[PDB]
$ cat upload-v8.txt   # compact mmCIF, N, CA and C atoms and all ligand atoms
# COMPACT_ATOMS: atom_id res chain seq x y z
N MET A 1 -3.19 12.88 18.89
CA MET A 1 -3.65 12.26 17.61
C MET A 1 -2.85 12.83 16.44
N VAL A 2 -3.01 12.21 15.27
CA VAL A 2 -2.31 12.66 14.08
C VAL A 2 -2.94 13.95 13.57
N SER A 3 -2.10 14.92 13.22
CA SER A 3 -2.57 16.20 12.73
C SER A 3 -3.41 16.02 11.46
N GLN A 4 -4.25 17.00 11.17
CA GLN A 4 -5.09 16.95 9.99
C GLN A 4 -4.22 17.14 8.76
N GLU A 5 -3.09 17.81 8.95
CA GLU A 5 -2.16 18.05 7.86
C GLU A 5 -1.54 16.73 7.42
N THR A 6 -1.21 15.88 8.39
CA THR A 6 -0.62 14.58 8.10
C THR A 6 -1.64 13.72 7.37
N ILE A 7 -2.88 13.75 7.85
CA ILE A 7 -3.97 12.99 7.24
C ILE A 7 -4.10 13.40 5.77
N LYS A 8 -4.13 14.70 5.53
CA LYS A 8 -4.26 15.26 4.19
C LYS A 8 -3.10 14.85 3.29
N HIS A 9 -1.89 14.89 3.83
CA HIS A 9 -0.69 14.50 3.08
C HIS A 9 -0.81 13.06 2.59
N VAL A 10 -1.15 12.15 3.50
CA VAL A 10 -1.29 10.74 3.16
C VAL A 10 -2.40 10.52 2.13
N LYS A 11 -3.54 11.18 2.31
CA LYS A 11 -4.63 11.04 1.35
C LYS A 11 -4.17 11.51 -0.02
N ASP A 12 -3.37 12.58 -0.04
CA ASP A 12 -2.85 13.12 -1.29
C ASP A 12 -1.89 12.16 -1.99
N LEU A 13 -1.00 11.54 -1.22
CA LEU A 13 -0.05 10.60 -1.81
C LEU A 13 -0.79 9.40 -2.39
N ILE A 14 -1.85 8.97 -1.72
CA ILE A 14 -2.65 7.84 -2.19
C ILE A 14 -3.35 8.18 -3.51
N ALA A 15 -3.85 9.41 -3.61
CA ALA A 15 -4.55 9.86 -4.81
C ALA A 15 -3.64 10.16 -5.99
N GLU A 16 -2.40 10.57 -5.71
CA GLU A 16 -1.46 10.92 -6.77
C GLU A 16 -0.64 9.76 -7.33
N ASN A 17 -0.86 8.55 -6.82
CA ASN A 17 -0.11 7.39 -7.28
C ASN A 17 -1.06 6.23 -7.60
N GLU A 18 -0.94 5.67 -8.80
CA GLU A 18 -1.82 4.57 -9.20
C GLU A 18 -1.83 3.45 -8.16
N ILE A 19 -0.66 3.11 -7.62
CA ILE A 19 -0.57 2.12 -6.56
C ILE A 19 0.26 2.75 -5.45
N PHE A 20 -0.22 2.61 -4.23
CA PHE A 20 0.42 3.17 -3.05
C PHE A 20 0.69 2.03 -2.08
N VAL A 21 1.93 1.91 -1.62
CA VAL A 21 2.25 0.85 -0.68
C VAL A 21 3.06 1.35 0.52
N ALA A 22 2.43 1.34 1.69
CA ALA A 22 3.12 1.74 2.92
C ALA A 22 3.81 0.44 3.30
N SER A 23 5.12 0.49 3.45
CA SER A 23 5.91 -0.69 3.76
C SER A 23 6.98 -0.44 4.82
N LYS A 24 7.72 -1.50 5.14
CA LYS A 24 8.85 -1.42 6.08
C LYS A 24 9.89 -2.35 5.48
N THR A 25 11.14 -1.89 5.43
CA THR A 25 12.23 -2.66 4.82
C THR A 25 12.40 -4.10 5.29
N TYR A 26 12.17 -4.35 6.57
CA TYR A 26 12.34 -5.68 7.14
C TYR A 26 11.08 -6.55 7.16
N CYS A 27 9.98 -6.04 6.61
CA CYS A 27 8.72 -6.78 6.63
C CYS A 27 8.59 -7.86 5.56
N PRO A 28 8.52 -9.14 5.98
CA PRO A 28 8.39 -10.27 5.06
C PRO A 28 7.17 -10.15 4.14
N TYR A 29 6.08 -9.63 4.70
CA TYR A 29 4.83 -9.46 3.97
C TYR A 29 4.93 -8.37 2.91
N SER A 30 5.73 -7.35 3.19
CA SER A 30 5.92 -6.26 2.25
C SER A 30 6.74 -6.79 1.07
N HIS A 31 7.77 -7.58 1.36
CA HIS A 31 8.61 -8.16 0.31
C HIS A 31 7.72 -9.01 -0.60
N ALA A 32 6.84 -9.79 0.03
CA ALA A 32 5.92 -10.67 -0.70
C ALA A 32 4.97 -9.87 -1.59
N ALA A 33 4.38 -8.82 -1.04
CA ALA A 33 3.45 -7.99 -1.79
C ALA A 33 4.13 -7.29 -2.97
N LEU A 34 5.31 -6.73 -2.72
CA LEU A 34 6.04 -6.03 -3.77
C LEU A 34 6.53 -7.02 -4.84
N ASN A 35 6.95 -8.20 -4.41
CA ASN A 35 7.40 -9.23 -5.34
C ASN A 35 6.25 -9.59 -6.29
N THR A 36 5.06 -9.77 -5.72
CA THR A 36 3.87 -10.10 -6.50
C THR A 36 3.56 -9.02 -7.52
N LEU A 37 3.53 -7.77 -7.06
CA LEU A 37 3.26 -6.63 -7.91
C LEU A 37 4.27 -6.42 -9.03
N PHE A 38 5.55 -6.35 -8.66
CA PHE A 38 6.59 -6.11 -9.65
C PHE A 38 7.02 -7.28 -10.52
N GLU A 39 7.20 -8.45 -9.92
CA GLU A 39 7.66 -9.61 -10.68
C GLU A 39 6.54 -10.49 -11.24
N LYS A 40 5.61 -10.89 -10.39
CA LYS A 40 4.52 -11.75 -10.84
C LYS A 40 3.45 -11.05 -11.67
N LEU A 41 3.12 -9.81 -11.33
CA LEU A 41 2.10 -9.07 -12.06
C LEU A 41 2.67 -8.10 -13.08
N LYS A 42 4.00 -7.98 -13.08
CA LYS A 42 4.70 -7.10 -14.01
C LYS A 42 4.24 -5.65 -14.00
N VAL A 43 3.84 -5.16 -12.83
CA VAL A 43 3.41 -3.77 -12.72
C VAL A 43 4.65 -2.89 -12.82
N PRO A 44 4.60 -1.84 -13.66
CA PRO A 44 5.75 -0.93 -13.83
C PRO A 44 6.06 -0.19 -12.53
N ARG A 45 7.34 -0.13 -12.17
CA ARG A 45 7.77 0.54 -10.94
C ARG A 45 7.27 1.98 -10.87
N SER A 46 7.22 2.65 -12.02
CA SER A 46 6.78 4.04 -12.10
C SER A 46 5.31 4.27 -11.75
N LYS A 47 4.56 3.18 -11.59
CA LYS A 47 3.14 3.28 -11.26
C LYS A 47 2.92 3.07 -9.76
N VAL A 48 3.99 2.76 -9.04
CA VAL A 48 3.88 2.48 -7.62
C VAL A 48 4.74 3.35 -6.71
N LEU A 49 4.13 3.90 -5.66
CA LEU A 49 4.88 4.68 -4.69
C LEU A 49 5.02 3.74 -3.49
N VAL A 50 6.26 3.40 -3.16
CA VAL A 50 6.54 2.52 -2.03
C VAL A 50 7.24 3.31 -0.94
N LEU A 51 6.57 3.47 0.20
CA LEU A 51 7.14 4.21 1.32
C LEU A 51 7.62 3.24 2.40
N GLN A 52 8.91 3.29 2.71
CA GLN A 52 9.47 2.44 3.76
C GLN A 52 9.38 3.31 5.00
N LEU A 53 8.29 3.15 5.74
CA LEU A 53 8.05 3.97 6.93
C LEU A 53 9.13 3.92 8.01
N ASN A 54 9.78 2.78 8.18
CA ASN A 54 10.81 2.66 9.20
C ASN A 54 12.06 3.47 8.86
N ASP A 55 12.13 3.97 7.63
CA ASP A 55 13.27 4.78 7.18
C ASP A 55 12.89 6.24 6.98
N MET A 56 11.68 6.62 7.40
CA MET A 56 11.20 7.99 7.23
C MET A 56 10.91 8.70 8.55
N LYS A 57 11.24 9.98 8.60
CA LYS A 57 11.00 10.78 9.80
C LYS A 57 9.53 10.73 10.21
N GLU A 58 8.65 10.85 9.22
CA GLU A 58 7.22 10.85 9.46
C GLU A 58 6.60 9.46 9.37
N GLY A 59 7.44 8.43 9.28
CA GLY A 59 6.95 7.07 9.18
C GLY A 59 5.88 6.73 10.19
N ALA A 60 6.14 7.03 11.46
CA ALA A 60 5.17 6.75 12.52
C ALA A 60 3.87 7.52 12.33
N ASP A 61 3.96 8.81 12.00
CA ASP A 61 2.77 9.63 11.79
C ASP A 61 1.95 9.11 10.61
N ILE A 62 2.65 8.66 9.58
CA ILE A 62 1.97 8.14 8.40
C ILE A 62 1.22 6.85 8.73
N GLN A 63 1.84 5.96 9.50
CA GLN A 63 1.17 4.72 9.85
C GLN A 63 -0.07 5.00 10.71
N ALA A 64 0.01 6.02 11.57
CA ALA A 64 -1.13 6.38 12.41
C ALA A 64 -2.23 7.02 11.56
N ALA A 65 -1.82 7.82 10.58
CA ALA A 65 -2.78 8.47 9.69
C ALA A 65 -3.56 7.40 8.95
N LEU A 66 -2.85 6.38 8.47
CA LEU A 66 -3.46 5.28 7.74
C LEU A 66 -4.47 4.54 8.61
N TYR A 67 -4.16 4.36 9.88
CA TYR A 67 -5.10 3.69 10.76
C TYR A 67 -6.36 4.56 10.87
N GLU A 68 -6.15 5.86 10.96
CA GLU A 68 -7.24 6.82 11.05
C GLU A 68 -8.14 6.74 9.82
N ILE A 69 -7.51 6.61 8.66
CA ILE A 69 -8.20 6.55 7.38
C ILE A 69 -8.94 5.25 7.05
N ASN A 70 -8.25 4.12 7.18
CA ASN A 70 -8.84 2.83 6.84
C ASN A 70 -8.94 1.81 7.98
N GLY A 71 -8.48 2.17 9.17
CA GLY A 71 -8.56 1.25 10.30
C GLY A 71 -7.53 0.13 10.33
N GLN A 72 -6.63 0.09 9.36
CA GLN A 72 -5.62 -0.97 9.34
C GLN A 72 -4.41 -0.52 10.14
N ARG A 73 -3.81 -1.44 10.88
CA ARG A 73 -2.65 -1.13 11.71
C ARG A 73 -1.33 -1.69 11.19
N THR A 74 -1.39 -2.66 10.29
CA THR A 74 -0.17 -3.30 9.79
C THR A 74 0.31 -2.85 8.41
N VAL A 75 1.56 -3.21 8.09
CA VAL A 75 2.13 -2.94 6.77
C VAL A 75 2.38 -4.32 6.18
N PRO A 76 2.32 -4.46 4.85
CA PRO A 76 2.05 -3.43 3.85
C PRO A 76 0.60 -2.96 3.89
N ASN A 77 0.39 -1.70 3.52
CA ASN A 77 -0.95 -1.13 3.47
C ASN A 77 -1.03 -0.63 2.03
N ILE A 78 -1.74 -1.41 1.21
CA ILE A 78 -1.88 -1.17 -0.22
C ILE A 78 -3.17 -0.50 -0.70
N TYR A 79 -3.01 0.41 -1.65
CA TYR A 79 -4.12 1.10 -2.30
C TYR A 79 -3.88 0.99 -3.80
N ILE A 80 -4.94 0.74 -4.56
CA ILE A 80 -4.82 0.67 -6.02
C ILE A 80 -5.88 1.61 -6.57
N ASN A 81 -5.43 2.66 -7.24
CA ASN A 81 -6.33 3.66 -7.79
C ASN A 81 -7.23 4.26 -6.72
N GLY A 82 -6.62 4.61 -5.59
CA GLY A 82 -7.37 5.21 -4.50
C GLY A 82 -8.25 4.27 -3.71
N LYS A 83 -8.37 3.02 -4.15
CA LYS A 83 -9.19 2.04 -3.46
C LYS A 83 -8.31 1.23 -2.50
N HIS A 84 -8.74 1.13 -1.24
CA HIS A 84 -7.97 0.40 -0.24
C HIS A 84 -8.03 -1.10 -0.46
N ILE A 85 -6.87 -1.73 -0.65
CA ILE A 85 -6.83 -3.18 -0.85
C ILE A 85 -6.58 -3.87 0.50
N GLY A 86 -5.58 -3.40 1.23
CA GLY A 86 -5.28 -3.98 2.52
C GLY A 86 -3.83 -4.43 2.59
N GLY A 87 -3.60 -5.60 3.20
CA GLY A 87 -2.25 -6.11 3.32
C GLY A 87 -1.92 -7.15 2.28
N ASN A 88 -0.84 -7.90 2.49
CA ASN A 88 -0.46 -8.93 1.54
C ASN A 88 -1.54 -10.00 1.41
N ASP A 89 -2.07 -10.46 2.54
CA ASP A 89 -3.12 -11.48 2.49
C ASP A 89 -4.31 -11.00 1.66
N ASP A 90 -4.65 -9.72 1.79
CA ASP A 90 -5.76 -9.14 1.03
C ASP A 90 -5.43 -9.16 -0.45
N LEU A 91 -4.19 -8.81 -0.78
CA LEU A 91 -3.76 -8.78 -2.17
C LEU A 91 -3.82 -10.18 -2.78
N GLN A 92 -3.34 -11.18 -2.04
CA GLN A 92 -3.34 -12.56 -2.53
C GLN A 92 -4.76 -13.08 -2.68
N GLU A 93 -5.63 -12.67 -1.76
CA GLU A 93 -7.04 -13.07 -1.75
C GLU A 93 -7.73 -12.64 -3.06
N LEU A 94 -7.52 -11.38 -3.45
CA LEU A 94 -8.13 -10.86 -4.67
C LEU A 94 -7.65 -11.60 -5.91
N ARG A 95 -6.41 -12.09 -5.87
CA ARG A 95 -5.88 -12.83 -7.01
C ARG A 95 -6.55 -14.18 -7.14
N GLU A 96 -6.80 -14.82 -6.00
CA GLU A 96 -7.42 -16.13 -5.97
C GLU A 96 -8.90 -16.11 -6.36
N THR A 97 -9.58 -15.00 -6.10
CA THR A 97 -10.99 -14.88 -6.47
C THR A 97 -11.12 -14.33 -7.89
N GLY A 98 -9.98 -14.00 -8.49
CA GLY A 98 -9.98 -13.47 -9.85
C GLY A 98 -10.50 -12.06 -9.97
N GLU A 99 -10.36 -11.27 -8.91
CA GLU A 99 -10.85 -9.90 -8.92
C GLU A 99 -9.75 -8.85 -9.01
N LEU A 100 -8.49 -9.26 -8.89
CA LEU A 100 -7.39 -8.30 -8.96
C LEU A 100 -7.16 -7.78 -10.38
N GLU A 101 -7.26 -8.68 -11.36
CA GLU A 101 -7.05 -8.30 -12.75
C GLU A 101 -7.88 -7.10 -13.20
N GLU A 102 -9.15 -7.07 -12.84
CA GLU A 102 -10.00 -5.96 -13.23
C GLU A 102 -9.52 -4.65 -12.60
N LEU A 103 -8.90 -4.74 -11.43
CA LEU A 103 -8.40 -3.55 -10.76
C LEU A 103 -7.10 -3.04 -11.40
N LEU A 104 -6.29 -3.95 -11.92
CA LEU A 104 -5.02 -3.58 -12.54
C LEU A 104 -5.11 -3.17 -14.01
N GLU A 105 -6.19 -3.56 -14.69
CA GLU A 105 -6.35 -3.22 -16.10
C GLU A 105 -5.99 -1.78 -16.45
N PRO A 106 -6.68 -0.80 -15.83
CA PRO A 106 -6.38 0.60 -16.12
C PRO A 106 -4.93 1.01 -15.84
N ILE A 107 -4.24 0.23 -15.02
CA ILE A 107 -2.85 0.51 -14.67
C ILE A 107 -1.88 -0.20 -15.62
N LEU A 108 -2.29 -1.35 -16.14
CA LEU A 108 -1.46 -2.12 -17.06
C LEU A 108 -1.79 -1.76 -18.51
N1 LIG A 201 -1.63 -10.50 7.52
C1 LIG A 201 -0.85 -9.25 7.29
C2 LIG A 201 0.39 -9.25 8.20
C3 LIG A 201 1.29 -8.01 8.08
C4 LIG A 201 2.19 -7.81 9.31
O1 LIG A 201 2.09 -8.57 10.27
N2 LIG A 201 3.06 -6.81 9.27
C5 LIG A 201 3.94 -6.49 10.40
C6 LIG A 201 5.36 -6.15 9.92
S1 LIG A 201 6.31 -7.52 9.29
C7 LIG A 201 3.37 -5.28 11.12
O2 LIG A 201 2.80 -4.38 10.49
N3 LIG A 201 3.53 -5.24 12.43
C8 LIG A 201 3.02 -4.10 13.18
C9 LIG A 201 3.78 -2.83 12.86
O3 LIG A 201 4.82 -2.92 12.18
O4 LIG A 201 3.35 -1.74 13.31
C10 LIG A 201 -0.45 -9.16 5.82
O5 LIG A 201 -0.51 -10.19 5.12
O6 LIG A 201 -0.08 -8.05 5.39

$ encode --input "upload-v8.txt" --output "structure tokens" --more "lines below"
Ligand SMILES: N[C@@H](CCC(=O)N[C@@H](CS)C(=O)NCC(=O)O)C(=O)O
Amino acid sequence: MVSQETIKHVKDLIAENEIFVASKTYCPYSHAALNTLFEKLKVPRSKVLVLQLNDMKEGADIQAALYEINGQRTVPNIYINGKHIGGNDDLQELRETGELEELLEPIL
């Protein structure tokens, strides 16, 4: 299983960044989520930590830690202000119900 140190590291990165996005360079859904955040929602790049797990030594451990934490297995795995949003579909869902704006206010 994933070490407790890895779990702690991931929890820390999520808490230290207004928006946290576990991603993979070749993931169509990650491109979509980031496009929405940066271009459509105009979120400042400095407010988002984007980790391309497929390009990181600990990428695999981080993805397993995330499953341990929130039960999600896929990327993108998005958090906004420490609150787990989910994947791209989850992000788009919140926009359609008009609930994403209230979450981004403190960040924008
Ligand atoms: N419905 C999900 C789909 C995400 C998805 O399928 N991501 C792929 C990468 S393109 C994935 O995580 N596959 C399993 C893995 O990479 O471990 C979303 O909208 O985020």

$ residues_around --input "upload-v8.txt" --residues "region 52-58 of chain A" --least-positions-apart "2" --cutoff "7 Å" --atoms "only N, CA and C atoms" --output "PyMOL selection string"
chain A and resi 21-25+50+60-63

$ residues_near_ligand --input "upload-v8.txt" --ligand "ligand LIG 201 (chain A)" --cutoff "6 Å" --atoms "all atoms listed in the file" --output "list in words"
residues 26, 27, 28, 29, 73, 74, 75, 76, 86, 87, 88, 89 and 90 of chain A

$ atom_distance --input "upload-v8.txt" --atom1 "atom C of residue 77 (chain A)" --atom2 "atom N of residue 91 (chain A)"
9.2 Å

$ closest_residue --input "upload-v8.txt" --among "A:19, A:7, A:1, A:48" --to "residue 81 (chain A)" --atoms "only N, CA and C atoms"
A:19

$ select_by_dssp --input "upload-v8.txt" --residues "chain A" --states "alpha helix (DSSP H)" --output "VMD selection string"
chain A and resid 4 to 15 28 to 35 59 to 70 88 to 96 100 to 104

$ select_by_dssp --input "upload-v8.txt" --residues "region 24-106 of chain A" --states "strand (DSSP E or B)" --output "ChimeraX atom specification"
/A:48-52,77-80,83-86

$ closest_residue --input "upload-v8.txt" --among "A:43, A:69, A:32, A:15" --to "residue 106 (chain A)" --atoms "only C-alpha atoms"
A:43

$ residues_around --input "upload-v8.txt" --residues "residue 47 (chain A)" --least-positions-apart "3" --cutoff "6 Å" --atoms "only N, CA and C atoms" --output "list in words"
residues 17, 18, 19 and 44 of chain A

$ write_last_selection --input "upload-v8.txt" --atoms "N, CA and C atoms" --output "mmCIF file, keeping the file's coordinate frame"
data_model
loop_
_atom_site.group_PDB
_atom_site.id
_atom_site.type_symbol
_atom_site.label_atom_id
_atom_site.label_comp_id
_atom_site.auth_asym_id
_atom_site.auth_seq_id
_atom_site.Cartn_x
_atom_site.Cartn_y
_atom_site.Cartn_z
ATOM 1 N N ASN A 17 -0.860 8.550 -6.820
ATOM 2 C CA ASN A 17 -0.110 7.390 -7.280
ATOM 3 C C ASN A 17 -1.060 6.230 -7.600
ATOM 4 N N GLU A 18 -0.940 5.670 -8.800
ATOM 5 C CA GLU A 18 -1.820 4.570 -9.200
ATOM 6 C C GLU A 18 -1.830 3.450 -8.160
ATOM 7 N N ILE A 19 -0.660 3.110 -7.620
ATOM 8 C CA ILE A 19 -0.570 2.120 -6.560
ATOM 9 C C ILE A 19 0.260 2.750 -5.450
ATOM 10 N N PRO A 44 4.600 -1.840 -13.660
ATOM 11 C CA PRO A 44 5.750 -0.930 -13.830
ATOM 12 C C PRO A 44 6.060 -0.190 -12.530
#

$ axis_aligned_box --input "upload-v8.txt" --around "region 69-83 of chain A" --padding-each-side "5 Å" --output "AutoDock Vina command-line options"
--center_x -3.4 --center_y 1.1 --center_z 2.0 --size_x 21.6 --size_y 21.1 --size_z 29.5

$ atom_distance --input "upload-v8.txt" --atom1 "atom N of residue 68 (chain A)" --atom2 "atom C of residue 16 (chain A)"
19.5 Å

$ closest_residue --input "upload-v8.txt" --among "A:72, A:42, A:83, A:10" --to "residue 108 (chain A)" --atoms "only N, CA and C atoms"
A:42

$ atom_distance --input "upload-v8.txt" --atom1 "atom N of residue 49 (chain A)" --atom2 "atom C of residue 20 (chain A)"
5.3 Å
